[PDB]
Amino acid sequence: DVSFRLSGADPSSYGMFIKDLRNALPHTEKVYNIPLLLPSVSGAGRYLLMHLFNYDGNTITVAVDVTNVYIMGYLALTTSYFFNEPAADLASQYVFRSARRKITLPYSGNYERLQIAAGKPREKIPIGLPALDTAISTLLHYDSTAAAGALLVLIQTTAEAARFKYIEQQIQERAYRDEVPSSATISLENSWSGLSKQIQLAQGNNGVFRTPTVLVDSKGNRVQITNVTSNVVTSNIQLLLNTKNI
């Protein structure tokens, strides 16, 4: 399991949590020195539990699929909640089985469904450590509209920061002031599957992408990624979705 406490949180303690989250995900190989997530994991071992504590010390446990860093559901006191999708209903067979009741949320976990439920795109939702504290708080008591926004904050400040060093640093910059994500952040989230596949196809192709990946940069400038020498590959990306899952 891994844990993160908002009470006393700072850039350093958040970076330690994101390092523990990355290190909790199993891999048997690295591709261009980046851990390659597993094709598959059977049974309960598929799910990592992340224990998150709001500033007041209240807690939710979040279940994360270790092959793709997708959040499946979470437990808040005696109630479990899962996305309305087959992968999450499968997870509910393995995790939080001791909850007194299980609520299926009225959306799946992908960004488009969640933004629809929340009533706003994530370009307009501030993220940061204070937003994460609010999110854990929201999740403690069911409210499906409020929870959609909370889950957009939670996915970006946990999974997306584990996947990209750039996003982890964006959150660290927001340790004590929220701010909506940079266009570069949104670009990277949206590109993780694309990138993961092209970095894997590059082995066998002399480090060269079969298909270029188009990204927005730190300056709001639109750029093209064609090979593994790009900073996005050498420095930023931290985990690769296995092509078997693409």
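Residue numbers here begin at 1 and follow the sequence given.
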### Query
On average, are the C-alpha B-factors higher in 215-223 or in 32-40?
215-223
#### Entry: Mean C-alpha B-factor comparison - 88-96 and 166-174, higher one
88-96
#### Entry: C-alpha B-factor winner, where the candidates are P130, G119, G73, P126
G119
#### Entry: Modelled-residue ranking by C-alpha temperature factor, third containing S108
middle
### Task
Taking the chain's C-alpha temperature factors as the reference, tell me which third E189 falls into: lowest, middle or highest.
lowest
### Summary
Here the Cα B-factor of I246, set against its chain, lands in the third termed highest
### Task
Would you please rank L201 by its C-alpha temperature factor against the other modelled residues of its chain and give the third it falls in: lowest, middle or highest?
highest
### Task
Could you tell me which third, lowest, middle or highest, the C-alpha B-factor of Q238 occupies within its chain?
lowest
